[PDB]
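Text of structure.tsv, listed as TSV, C-alpha atoms and all ligand atoms:
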```
chain	number	residue	atom	x	y	z
A	1	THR	CA	120.13	-20.48	-194.04
A	2	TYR	CA	119.75	-21.80	-190.38
A	3	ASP	CA	119.84	-25.52	-189.54
A	4	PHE	CA	120.24	-27.63	-186.36
A	5	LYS	CA	124.10	-27.40	-186.35
A	6	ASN	CA	124.08	-23.61	-187.21
A	7	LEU	CA	121.64	-21.89	-184.88
A	8	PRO	CA	121.34	-18.29	-183.73
A	9	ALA	CA	122.03	-17.41	-180.09
A	10	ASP	CA	119.57	-18.70	-177.43
A	11	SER	CA	117.09	-16.06	-176.09
A	12	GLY	CA	118.58	-16.15	-172.58
A	13	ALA	CA	115.29	-17.33	-171.01
A	14	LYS	CA	115.85	-20.61	-169.16
A	15	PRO	CA	112.90	-22.62	-167.89
A	16	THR	CA	112.31	-22.93	-164.16
A	17	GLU	CA	112.00	-26.20	-162.34
A	18	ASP	CA	108.24	-25.75	-161.82
A	19	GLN	CA	107.99	-25.21	-165.61
A	20	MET	CA	109.96	-28.32	-166.49
A	21	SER	CA	107.99	-30.35	-163.90
A	22	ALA	CA	104.68	-29.33	-165.62
A	23	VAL	CA	106.02	-30.54	-169.00
A	24	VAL	CA	106.81	-33.95	-167.42
A	25	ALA	CA	103.39	-34.02	-165.71
A	26	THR	CA	101.60	-33.21	-168.98
A	27	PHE	CA	103.71	-35.81	-170.81
A	28	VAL	CA	102.74	-38.53	-168.26
A	29	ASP	CA	99.02	-37.58	-168.04
A	30	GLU	CA	98.28	-36.50	-171.64
A	31	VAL	CA	100.79	-38.60	-173.74
A	32	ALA	CA	101.99	-41.82	-171.91
A	33	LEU	CA	99.09	-42.98	-169.72
A	34	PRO	CA	96.39	-42.27	-172.40
A	35	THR	CA	98.37	-43.94	-175.22
A	36	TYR	CA	98.72	-47.03	-173.07
A	37	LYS	CA	95.08	-46.90	-171.91
A	38	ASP	CA	93.96	-46.74	-175.54
A	39	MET	CA	96.29	-49.67	-176.18
A	40	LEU	CA	94.70	-51.75	-173.34
A	41	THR	CA	91.19	-50.96	-174.63
A	42	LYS	CA	92.15	-51.88	-178.20
A	43	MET	CA	94.08	-55.00	-177.06
A	44	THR	CA	91.05	-56.27	-175.17
A	45	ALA	CA	88.96	-55.77	-178.39
A	46	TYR	CA	91.65	-57.56	-180.34
A	47	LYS	CA	91.72	-60.66	-178.02
A	48	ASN	CA	87.85	-60.80	-178.03
A	49	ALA	CA	87.85	-60.61	-181.84
A	50	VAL	CA	90.54	-63.32	-182.16
A	51	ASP	CA	88.50	-65.49	-179.72
A	52	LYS	CA	85.30	-65.04	-181.69
A	53	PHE	CA	87.15	-66.11	-184.85
A	54	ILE	CA	88.80	-69.13	-183.18
A	55	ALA	CA	85.33	-70.27	-182.01
A	56	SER	CA	83.62	-69.96	-185.49
A	57	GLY	CA	85.96	-70.28	-188.43
A	58	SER	CA	84.09	-67.33	-189.99
A	59	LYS	CA	85.75	-65.28	-192.77
A	60	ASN	CA	84.00	-62.11	-191.42
A	61	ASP	CA	85.29	-62.81	-187.87
A	62	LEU	CA	88.78	-63.21	-189.31
A	63	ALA	CA	88.56	-59.89	-191.23
A	64	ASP	CA	87.43	-58.30	-187.89
A	65	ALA	CA	90.37	-59.88	-186.02
A	66	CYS	CA	92.72	-58.51	-188.69
A	67	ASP	CA	91.26	-55.00	-188.40
A	68	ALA	CA	91.54	-55.21	-184.59
A	69	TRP	CA	95.25	-56.26	-184.93
A	70	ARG	CA	95.99	-53.12	-186.97
A	71	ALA	CA	94.00	-50.88	-184.61
A	72	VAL	CA	95.84	-52.05	-181.41
A	73	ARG	CA	99.06	-51.58	-183.29
A	74	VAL	CA	98.44	-47.81	-183.80
A	75	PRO	CA	98.87	-46.90	-180.14
A	76	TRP	CA	101.65	-49.35	-179.57
A	77	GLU	CA	103.69	-47.87	-182.39
A	78	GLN	CA	102.64	-44.37	-181.24
A	79	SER	CA	104.39	-45.27	-177.97
A	80	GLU	CA	107.88	-46.00	-179.22
A	81	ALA	CA	109.13	-42.49	-178.32
A	82	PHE	CA	108.78	-43.64	-174.71
A	83	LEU	CA	110.01	-47.24	-174.37
A	84	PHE	CA	111.76	-46.18	-171.17
A	85	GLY	CA	110.16	-47.25	-167.94
A	86	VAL	CA	107.95	-50.31	-167.84
A	87	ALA	CA	108.34	-51.33	-171.52
A	88	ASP	CA	112.14	-51.48	-170.99
A	89	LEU	CA	112.25	-52.68	-167.40
A	90	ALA	CA	109.81	-55.65	-167.60
A	91	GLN	CA	111.07	-56.61	-171.02
A	92	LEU	CA	107.71	-55.95	-172.63
A	93	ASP	CA	108.98	-54.45	-175.95
A	94	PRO	CA	110.58	-57.73	-177.01
A	95	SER	CA	107.87	-59.83	-175.38
A	96	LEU	CA	105.19	-57.99	-177.41
A	97	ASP	CA	106.99	-57.33	-180.66
A	98	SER	CA	110.06	-59.34	-181.59
A	99	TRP	CA	111.28	-59.29	-185.18
A	100	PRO	CA	112.34	-61.38	-187.00
A	101	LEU	CA	110.72	-64.61	-185.90
A	102	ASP	CA	112.07	-68.07	-185.40
A	103	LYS	CA	110.02	-69.54	-188.22
A	104	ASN	CA	111.40	-73.05	-187.83
A	105	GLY	CA	110.44	-73.15	-184.13
A	106	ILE	CA	106.89	-71.84	-184.88
A	107	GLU	CA	106.40	-74.62	-187.46
A	108	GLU	CA	107.76	-77.13	-184.98
A	109	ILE	CA	105.32	-76.07	-182.27
A	110	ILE	CA	102.44	-76.26	-184.76
A	111	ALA	CA	103.49	-79.90	-185.37
A	112	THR	CA	104.23	-81.03	-181.78
A	113	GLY	CA	101.88	-78.87	-179.79
A	114	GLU	CA	104.65	-77.98	-177.32
A	115	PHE	CA	103.12	-74.62	-176.44
A	116	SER	CA	105.22	-74.21	-173.27
A	117	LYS	CA	108.09	-73.07	-175.50
A	118	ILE	CA	106.26	-69.77	-176.25
A	119	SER	CA	105.27	-68.55	-172.80
A	120	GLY	CA	108.69	-68.26	-171.12
A	121	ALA	CA	110.66	-65.15	-170.12
A	122	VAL	CA	112.37	-63.10	-172.79
A	123	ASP	CA	115.82	-64.49	-173.58
A	124	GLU	CA	117.53	-62.44	-176.28
A	125	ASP	CA	120.59	-64.65	-176.86
A	126	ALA	CA	118.88	-68.03	-177.58
A	127	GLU	CA	117.54	-68.31	-181.30
A	128	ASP	CA	114.51	-70.19	-179.92
A	129	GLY	CA	114.07	-67.65	-177.10
A	130	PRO	CA	110.36	-67.55	-176.39
A	131	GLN	CA	110.02	-63.95	-177.50
A	132	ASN	CA	110.78	-64.96	-181.10
A	133	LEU	CA	107.89	-67.46	-181.05
A	134	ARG	CA	105.19	-65.01	-179.98
A	135	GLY	CA	104.09	-61.31	-180.06
A	136	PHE	CA	102.42	-59.11	-182.71
A	137	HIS	CA	104.26	-60.70	-185.60
A	138	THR	CA	103.51	-64.31	-184.81
A	139	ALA	CA	99.75	-63.41	-184.66
A	140	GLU	CA	100.29	-61.36	-187.90
A	141	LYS	CA	101.88	-64.25	-189.70
A	142	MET	CA	98.86	-66.44	-188.89
A	143	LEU	CA	96.15	-63.80	-189.59
A	144	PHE	CA	97.46	-62.27	-192.81
A	145	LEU	CA	98.91	-63.26	-196.18
A	146	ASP	CA	100.68	-60.64	-198.25
A	147	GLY	CA	98.52	-57.74	-197.08
A	148	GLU	CA	95.16	-59.40	-196.74
A	149	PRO	CA	93.24	-61.58	-194.40
A	150	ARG	CA	94.47	-65.09	-194.80
A	151	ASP	CA	92.33	-67.22	-197.03
A	152	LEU	CA	90.80	-70.03	-194.92
A	153	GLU	CA	90.58	-72.57	-197.87
A	154	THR	CA	93.78	-71.45	-199.83
A	155	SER	CA	96.02	-71.70	-196.66
A	156	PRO	CA	94.10	-73.68	-194.10
A	157	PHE	CA	94.78	-73.43	-190.36
A	158	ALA	CA	96.22	-76.37	-188.45
A	159	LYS	CA	94.14	-77.13	-185.22
A	160	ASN	CA	97.35	-76.54	-183.19
A	161	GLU	CA	98.03	-73.27	-185.02
A	162	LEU	CA	94.64	-71.95	-183.84
A	163	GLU	CA	95.44	-72.73	-180.25
A	164	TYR	CA	98.88	-71.12	-180.86
A	165	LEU	CA	97.15	-67.93	-182.12
A	166	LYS	CA	94.96	-67.88	-178.98
A	167	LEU	CA	97.97	-68.27	-176.66
A	168	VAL	CA	99.94	-65.60	-178.41
A	169	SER	CA	96.98	-63.21	-178.18
A	170	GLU	CA	96.42	-64.02	-174.41
A	171	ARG	CA	100.00	-63.08	-173.86
A	172	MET	CA	99.76	-59.91	-176.01
A	173	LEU	CA	96.85	-58.81	-173.68
A	174	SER	CA	98.67	-59.79	-170.53
A	175	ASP	CA	101.83	-57.80	-171.53
A	176	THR	CA	99.61	-54.78	-172.36
A	177	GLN	CA	97.89	-55.00	-168.99
A	178	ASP	CA	101.32	-55.14	-167.37
A	179	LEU	CA	102.47	-52.08	-169.36
A	180	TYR	CA	99.51	-49.87	-168.47
A	181	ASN	CA	99.33	-51.11	-164.85
A	182	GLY	CA	103.08	-50.75	-164.47
A	183	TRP	CA	102.79	-47.04	-165.27
A	184	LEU	CA	99.47	-46.48	-163.50
A	185	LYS	CA	100.04	-48.31	-160.21
A	186	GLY	CA	103.09	-50.59	-160.50
A	187	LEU	CA	103.20	-54.41	-160.73
A	188	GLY	CA	104.67	-55.09	-157.32
A	189	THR	CA	107.60	-57.01	-158.81
A	190	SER	CA	111.31	-56.59	-158.24
A	191	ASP	CA	111.70	-54.75	-161.62
A	192	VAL	CA	108.52	-52.58	-161.40
A	193	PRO	CA	107.57	-52.16	-157.76
A	194	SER	CA	105.64	-48.88	-157.82
A	195	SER	CA	103.90	-46.54	-160.26
A	196	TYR	CA	106.23	-45.35	-163.03
A	197	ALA	CA	103.96	-42.41	-163.75
A	198	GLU	CA	104.30	-41.25	-160.16
A	199	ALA	CA	108.08	-41.75	-160.01
A	200	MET	CA	108.30	-39.68	-163.19
A	201	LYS	CA	105.97	-36.92	-161.85
A	202	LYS	CA	107.85	-36.74	-158.49
A	203	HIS	CA	111.38	-37.00	-160.05
A	204	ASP	CA	112.90	-36.95	-156.60
A	205	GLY	CA	115.07	-40.14	-156.78
A	206	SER	CA	112.63	-42.25	-154.74
A	207	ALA	CA	112.16	-44.82	-157.58
A	208	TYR	CA	113.72	-45.89	-160.92
A	209	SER	CA	116.73	-43.47	-160.68
A	210	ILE	CA	114.76	-40.44	-161.88
A	211	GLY	CA	116.71	-38.09	-159.62
A	212	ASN	CA	115.50	-34.62	-160.57
A	213	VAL	CA	113.43	-32.84	-163.18
A	214	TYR	CA	116.34	-32.46	-165.61
A	215	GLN	CA	116.72	-36.19	-165.60
A	216	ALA	CA	113.02	-36.65	-166.39
A	217	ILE	CA	113.15	-34.32	-169.43
A	218	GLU	CA	116.48	-35.94	-170.59
A	219	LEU	CA	114.68	-39.32	-170.34
A	220	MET	CA	111.89	-38.16	-172.68
A	221	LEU	CA	114.46	-37.01	-175.29
A	222	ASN	CA	116.97	-39.83	-174.90
A	223	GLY	CA	118.66	-41.87	-177.62
A	224	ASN	CA	118.45	-45.38	-176.10
A	225	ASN	CA	114.68	-45.59	-175.64
A	226	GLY	CA	113.25	-42.04	-175.91
A	227	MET	CA	112.46	-39.58	-178.69
A	228	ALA	CA	115.93	-39.62	-180.36
A	229	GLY	CA	116.06	-43.41	-180.07
A	230	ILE	CA	112.99	-43.90	-182.23
A	231	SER	CA	113.90	-41.24	-184.86
A	232	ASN	CA	117.26	-42.90	-185.23
A	233	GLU	CA	115.82	-46.44	-185.29
A	234	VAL	CA	113.16	-45.69	-187.95
A	235	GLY	CA	115.80	-44.12	-190.25
A	236	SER	CA	118.88	-46.30	-189.65
A	237	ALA	CA	117.29	-49.67	-188.85
A	238	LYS	CA	113.68	-50.11	-189.93
A	239	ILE	CA	114.01	-48.37	-193.31
A	240	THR	CA	117.78	-48.61	-194.04
A	241	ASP	CA	118.44	-52.24	-193.12
A	242	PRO	CA	115.87	-53.91	-195.46
A	243	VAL	CA	117.01	-51.60	-198.30
A	244	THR	CA	120.62	-52.59	-197.74
A	245	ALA	CA	119.62	-56.28	-197.93
A	246	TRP	CA	117.53	-55.59	-201.05
A	247	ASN	CA	120.43	-53.83	-202.75
A	248	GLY	CA	122.65	-56.90	-202.25
A	249	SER	CA	119.83	-59.23	-203.56
A	250	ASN	CA	118.22	-60.49	-206.81
A	251	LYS	CA	115.66	-57.59	-206.52
A	252	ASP	CA	112.66	-59.90	-207.02
A	253	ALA	CA	109.84	-58.80	-204.60
A	254	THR	CA	107.90	-62.02	-205.43
A	255	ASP	CA	110.74	-64.37	-204.28
A	256	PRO	CA	109.74	-65.70	-200.83
A	257	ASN	CA	113.47	-65.79	-199.74
A	258	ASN	CA	114.43	-62.28	-200.78
A	259	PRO	CA	116.47	-60.98	-197.84
A	260	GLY	CA	115.19	-57.43	-198.30
A	261	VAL	CA	111.55	-58.50	-198.22
A	262	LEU	CA	112.24	-60.80	-195.25
A	263	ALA	CA	113.86	-57.97	-193.21
A	264	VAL	CA	110.76	-55.68	-193.55
A	265	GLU	CA	108.89	-55.61	-190.26
A	266	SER	CA	105.06	-56.06	-190.84
A	267	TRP	CA	105.37	-57.23	-194.39
A	268	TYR	CA	102.91	-60.02	-193.64
A	269	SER	CA	100.12	-57.48	-193.29
A	270	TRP	CA	101.66	-54.52	-195.18
A	271	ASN	CA	101.60	-52.38	-192.04
A	272	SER	CA	105.17	-51.20	-192.30
A	273	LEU	CA	104.71	-47.61	-193.49
A	274	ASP	CA	101.82	-47.06	-191.02
A	275	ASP	CA	104.16	-48.34	-188.27
A	276	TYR	CA	106.99	-46.03	-189.24
A	277	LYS	CA	104.71	-42.99	-189.52
A	278	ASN	CA	103.18	-43.90	-186.16
A	279	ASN	CA	106.64	-44.08	-184.58
A	280	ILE	CA	107.25	-40.46	-185.64
A	281	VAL	CA	103.72	-39.47	-184.47
A	282	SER	CA	104.94	-40.70	-181.08
A	283	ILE	CA	107.69	-38.03	-181.18
A	284	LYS	CA	105.20	-35.40	-182.31
A	285	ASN	CA	102.77	-36.15	-179.51
A	286	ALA	CA	105.64	-36.06	-177.04
A	287	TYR	CA	106.98	-32.70	-178.27
A	288	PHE	CA	103.62	-30.90	-178.43
A	289	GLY	CA	102.33	-32.45	-175.21
A	290	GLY	CA	99.19	-34.34	-176.26
A	291	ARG	CA	97.99	-37.11	-178.61
A	292	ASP	CA	97.48	-35.83	-182.19
A	293	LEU	CA	98.53	-32.30	-181.18
A	294	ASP	CA	100.63	-30.07	-183.41
A	295	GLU	CA	102.18	-26.55	-183.29
A	296	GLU	CA	98.82	-24.81	-183.87
A	297	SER	CA	97.18	-26.84	-181.03
A	298	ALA	CA	100.12	-27.50	-178.67
A	299	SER	CA	99.93	-27.61	-174.87
A	300	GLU	CA	101.57	-24.69	-173.02
A	301	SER	CA	103.39	-27.24	-170.87
A	302	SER	CA	105.25	-28.93	-173.74
A	303	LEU	CA	108.82	-29.38	-174.84
A	304	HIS	CA	107.65	-27.25	-177.75
A	305	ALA	CA	106.84	-24.34	-175.52
A	306	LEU	CA	110.09	-24.62	-173.56
A	307	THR	CA	112.20	-24.89	-176.73
A	308	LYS	CA	110.39	-21.90	-178.30
A	309	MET	CA	111.19	-19.88	-175.14
A	310	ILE	CA	114.91	-20.98	-175.23
A	311	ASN	CA	115.41	-20.55	-179.02
A	312	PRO	CA	112.48	-19.78	-181.44
A	313	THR	CA	114.57	-20.83	-184.48
A	314	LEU	CA	115.44	-24.27	-183.08
A	315	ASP	CA	111.77	-24.86	-182.20
A	316	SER	CA	110.66	-23.67	-185.60
A	317	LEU	CA	113.23	-26.00	-187.22
A	318	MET	CA	111.79	-28.91	-185.12
A	319	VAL	CA	108.22	-28.13	-186.03
A	320	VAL	CA	109.22	-28.28	-189.76
A	321	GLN	CA	111.31	-31.42	-189.29
A	322	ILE	CA	108.68	-33.58	-187.48
A	323	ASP	CA	106.28	-32.83	-190.35
A	324	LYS	CA	109.00	-33.29	-193.05
A	325	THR	CA	109.84	-36.74	-191.63
A	326	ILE	CA	106.19	-37.91	-191.53
A	327	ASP	CA	105.54	-36.51	-195.00
A	328	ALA	CA	108.70	-38.32	-196.34
A	329	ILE	CA	107.66	-41.61	-194.76
A	330	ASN	CA	104.12	-41.24	-196.28
A	331	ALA	CA	105.52	-40.50	-199.78
A	332	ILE	CA	107.33	-43.91	-199.90
A	333	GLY	CA	105.62	-46.30	-202.24
A	334	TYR	CA	103.08	-48.62	-200.64
A	335	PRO	CA	103.44	-51.26	-199.53
A	336	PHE	CA	107.17	-50.91	-198.50
A	337	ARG	CA	107.80	-54.58	-199.20
A	338	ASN	CA	107.22	-53.95	-202.92
A	339	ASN	CA	108.99	-50.63	-203.10
A	340	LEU	CA	112.36	-51.27	-201.50
A	341	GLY	CA	113.79	-49.91	-204.76
A	342	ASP	CA	111.90	-46.58	-204.45
A	343	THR	CA	115.27	-44.84	-203.92
A	344	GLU	CA	114.60	-41.12	-204.04
A	345	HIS	CA	111.63	-41.23	-201.62
A	346	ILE	CA	113.47	-43.69	-199.28
A	347	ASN	CA	116.50	-41.35	-199.12
A	348	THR	CA	114.46	-38.23	-198.35
A	349	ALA	CA	112.86	-40.33	-195.60
A	350	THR	CA	116.12	-41.66	-194.08
A	351	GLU	CA	117.78	-38.20	-194.32
A	352	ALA	CA	114.77	-36.68	-192.60
A	353	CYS	CA	114.99	-39.18	-189.68
A	354	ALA	CA	118.73	-38.54	-189.40
A	355	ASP	CA	118.05	-34.73	-189.20
A	356	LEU	CA	115.18	-35.20	-186.63
A	357	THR	CA	117.69	-37.16	-184.55
A	358	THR	CA	120.24	-34.35	-184.68
A	359	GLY	CA	117.52	-31.81	-183.79
A	360	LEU	CA	116.29	-33.78	-180.79
A	361	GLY	CA	119.98	-33.99	-179.63
A	362	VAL	CA	120.20	-30.19	-179.66
A	363	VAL	CA	116.94	-29.85	-177.76
A	364	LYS	CA	118.27	-32.35	-175.17
A	365	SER	CA	121.46	-30.34	-174.80
A	366	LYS	CA	119.41	-27.41	-173.42
A	367	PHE	CA	118.81	-29.54	-170.23
A	368	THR	CA	122.23	-31.14	-169.39
A	401	CA	CA	108.24	-52.32	-183.44
A	402	CA	CA	110.79	-52.55	-182.16
A	403	CA	CA	115.20	-57.33	-183.83
A	404	CA	CA	120.32	-66.38	-171.49
A	405	CA	CA	95.97	-57.97	-203.48
A	406	CA	CA	91.54	-62.15	-200.04
A	407	CA	CA	88.49	-68.58	-200.13
A	408	CA	CA	119.02	-40.95	-163.47
A	409	CA	CA	121.62	-49.65	-189.78
A	410	CL	CL	103.64	-51.07	-195.97
```

Would you encode the structure as structure tokens?
Amino acid sequence: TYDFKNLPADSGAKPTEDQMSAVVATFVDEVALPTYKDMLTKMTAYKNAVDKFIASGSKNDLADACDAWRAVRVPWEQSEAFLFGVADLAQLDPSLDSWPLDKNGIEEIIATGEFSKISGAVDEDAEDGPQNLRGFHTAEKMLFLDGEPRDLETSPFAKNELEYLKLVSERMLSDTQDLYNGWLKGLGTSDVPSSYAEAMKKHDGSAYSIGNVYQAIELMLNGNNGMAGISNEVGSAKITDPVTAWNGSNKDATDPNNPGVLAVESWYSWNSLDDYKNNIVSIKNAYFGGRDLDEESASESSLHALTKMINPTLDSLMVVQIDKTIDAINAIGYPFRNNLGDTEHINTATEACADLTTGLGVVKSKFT
């Protein structure tokens, strides 16, 4: 009979500052920095694989580049529960991963070779802002066709499009380096002067307005770019918005202008459901205090432990809900671009994200 809006009384135990500081430390050292390190390693393999393909024209090298694209995408999407800090401050989320794309501008660059248009600073209010001509999805669009490696004779590359692919992938690597370095040691720029990891571990107001340990925990849970942000975004935006478009449409998944299909992020490669699942794995890692950890393997310095201590029922409801949300995402028909009419499964999934969002709000309330 208990739910997130109808809880029993808290235990009365409140965590100490040293306890909360250890949760933040373990988050930074066992969730953030390793996710990003794994991303840098996988991004370097991805750029090397793309390069080897550009050099050869080999179908096997292409397949390998495609695999490498998917593999670097795991840790990136597993990092969306913590877009605060460098990802936010240095504009790297939109630089790396804008959707949708300015498809007319991409085609134009392929024709003219004006590659300078793709390497500028993020500018979110111009339609031809550079961010919308680069990133994961521009590479995707060139590597993949409806779920598969592109066919090199069915849809042949333009010479300029190959150079475009190389430039996009250089910049994907560069942004990833900046992300990991920004956390690890800082970039020495106006926006990211010093280590974000250190400013988070110290939480003493010396950098980035992280003023005390309560602010650091609130940051992890927050609704703009923390745990509640990504639960809410997966449910209300990534899943809901393409379904809304589909419902207003002709409901023909084979029509290249179907607005539902076109709104599905990673439909080129059919990576959408893996993305959404990985976004909730990001929450799960965050809550249990390590990559791929769960309740039965959780760190003692985790949000899980502190919530359990404050209210066992709320924690227990959170344990169930993280797993219910992942299971609901996984039960949606694959690929998502052909199953936008899979109503029952989609609804369980969007209701489960909406409930994980409420739950994370309640957890956050125990620290403000
Ligand atoms: Ca994304
Ligand atoms: Ca995004
Ligand atoms: Ca967008
Ligand atoms: Ca502007
Ligand atoms: Ca097929
Ligand atoms: Ca094929
Ligand atoms: Ca062929
Ligand atoms: Ca603050
Ligand atoms: Ca929405
Ligand atoms: Cl999919």

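Considering only C-alpha atoms, the residue among A:183, A:208, A:2, A:276 positioned nearest to residue A:78 is A:276.
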
Practice problem: Give me the residues within 10 Å of residue A:316 as number ranges by chain, counting only C-alpha atoms and dropping any in the same chain fewer than 6 places off. | Solution: A: 295, 304, 307-308

Quiz item: Which value, in Å to one decimal, gives the distance between atom CA of ligand CA 401 (chain A) and atom CA of residue A:235?
Solution: 13.1 Å

Practice problem: Rounded to one decimal place, report the atom CA of residue A:142-atom CA of residue A:121 distance in Å. | Solution: 22.2 Å

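Nearest-residue note for residue A:32: choosing from A:184, A:328, A:68, A:237, the minimum distance belongs to A:184, counting only C-alpha atoms.
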
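Distance cut-off 12 Å, centre (91.7, -66.3, -196.4), atoms counted only C-alpha atoms; the residues meeting this are residues 57, 58, 59, 60, 61, 62, 63, 66, 142, 143, 144, 145, 146, 147, 148, 149, 150, 151, 152, 153, 154, 155, 156 and 157 of chain A.
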
Written selection (C-alpha atoms) as a PDB file, keeping the file's coordinate frame:
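Result file is out-v4.pdb:
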```pdb
ATOM      1  CA  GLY A  57      85.960 -70.280-188.430  1.00  0.00           C
ATOM      2  CA  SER A  58      84.090 -67.330-189.990  1.00  0.00           C
ATOM      3  CA  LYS A  59      85.750 -65.280-192.770  1.00  0.00           C
ATOM      4  CA  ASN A  60      84.000 -62.110-191.420  1.00  0.00           C
ATOM      5  CA  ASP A  61      85.290 -62.810-187.870  1.00  0.00           C
ATOM      6  CA  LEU A  62      88.780 -63.210-189.310  1.00  0.00           C
ATOM      7  CA  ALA A  63      88.560 -59.890-191.230  1.00  0.00           C
ATOM      8  CA  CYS A  66      92.720 -58.510-188.690  1.00  0.00           C
ATOM      9  CA  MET A 142      98.860 -66.440-188.890  1.00  0.00           C
ATOM     10  CA  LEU A 143      96.150 -63.800-189.590  1.00  0.00           C
ATOM     11  CA  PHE A 144      97.460 -62.270-192.810  1.00  0.00           C
ATOM     12  CA  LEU A 145      98.910 -63.260-196.180  1.00  0.00           C
ATOM     13  CA  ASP A 146     100.680 -60.640-198.250  1.00  0.00           C
ATOM     14  CA  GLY A 147      98.520 -57.740-197.080  1.00  0.00           C
ATOM     15  CA  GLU A 148      95.160 -59.400-196.740  1.00  0.00           C
ATOM     16  CA  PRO A 149      93.240 -61.580-194.400  1.00  0.00           C
ATOM     17  CA  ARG A 150      94.470 -65.090-194.800  1.00  0.00           C
ATOM     18  CA  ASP A 151      92.330 -67.220-197.030  1.00  0.00           C
ATOM     19  CA  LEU A 152      90.800 -70.030-194.920  1.00  0.00           C
ATOM     20  CA  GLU A 153      90.580 -72.570-197.870  1.00  0.00           C
ATOM     21  CA  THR A 154      93.780 -71.450-199.830  1.00  0.00           C
ATOM     22  CA  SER A 155      96.020 -71.700-196.660  1.00  0.00           C
ATOM     23  CA  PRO A 156      94.100 -73.680-194.100  1.00  0.00           C
ATOM     24  CA  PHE A 157      94.780 -73.430-190.360  1.00  0.00           C
TER      25      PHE A 157
END
```

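For the pair atom CA of residue A:36 and atom CA of residue A:233, the separation is 21.0 Å.
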
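Using all atoms listed in the file for every distance, the candidate list A:198, A:315, A:102, A:178 yields A:102 as the residue closest to residue A:118.
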
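With only C-alpha atoms as the atoms that count, the minimum distance from residue A:221 to the choices A:361, A:85, A:130, A:105 is reached by A:361.
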
I'd like a table as CSV: residues in chain A with an atom no more than 9 Å from ligand CA 401 (chain A), each row giving the shortest atom pair and its distance in Å to one decimal, all atoms listed in the file counted, sorted by chain and rising residue number.
```
residue,atom,partner,partner_atom,distance
A:76,CA,A:CA401,CA,8.2
A:77,CA,A:CA401,CA,6.5
A:80,CA,A:CA401,CA,7.6
A:93,CA,A:CA401,CA,7.8
A:94,CA,A:CA401,CA,8.7
A:96,CA,A:CA401,CA,8.8
A:97,CA,A:CA401,CA,5.9
A:98,CA,A:CA401,CA,7.5
A:99,CA,A:CA401,CA,7.8
A:136,CA,A:CA401,CA,9.0
A:238,CA,A:CA401,CA,8.8
A:265,CA,A:CA401,CA,7.6
A:266,CA,A:CA401,CA,8.9
A:275,CA,A:CA401,CA,7.5
A:276,CA,A:CA401,CA,8.6
A:279,CA,A:CA401,CA,8.5
```

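Between residue A:259 and the residues A:100, A:189, A:360, A:272, the shortest atom-to-atom distance, using all atoms listed in the file, involves A:100.
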
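For ligand CA 409 (chain A), the protein and nucleic acid residues at most 6 Å away, judged by all atoms listed in the file, amount to residues 236, 237, 240 and 241 of chain A.
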
Practice problem: May I ask which of the residues A:127, A:296, A:88, A:351 is the closest one to ligand CA 402 (chain A), counting only C-alpha atoms and all ligand atoms? | Solution: A:88

Which residues of chain A come within 6 Å of ligand CL 410 (chain A), and for each one, what is the closest pair of atoms and their distance in Å to one decimal, counting all atoms listed in the file, sorted by chain and residue number, as a Markdown table?
```
| residue | atom | partner | partner_atom | distance |
| --- | --- | --- | --- | --- |
| A:270 | CA | A:CL410 | CL | 4.1 |
| A:271 | CA | A:CL410 | CL | 4.6 |
| A:272 | CA | A:CL410 | CL | 4.0 |
| A:273 | CA | A:CL410 | CL | 4.4 |
| A:334 | CA | A:CL410 | CL | 5.3 |
| A:335 | CA | A:CL410 | CL | 3.6 |
| A:336 | CA | A:CL410 | CL | 4.3 |
```
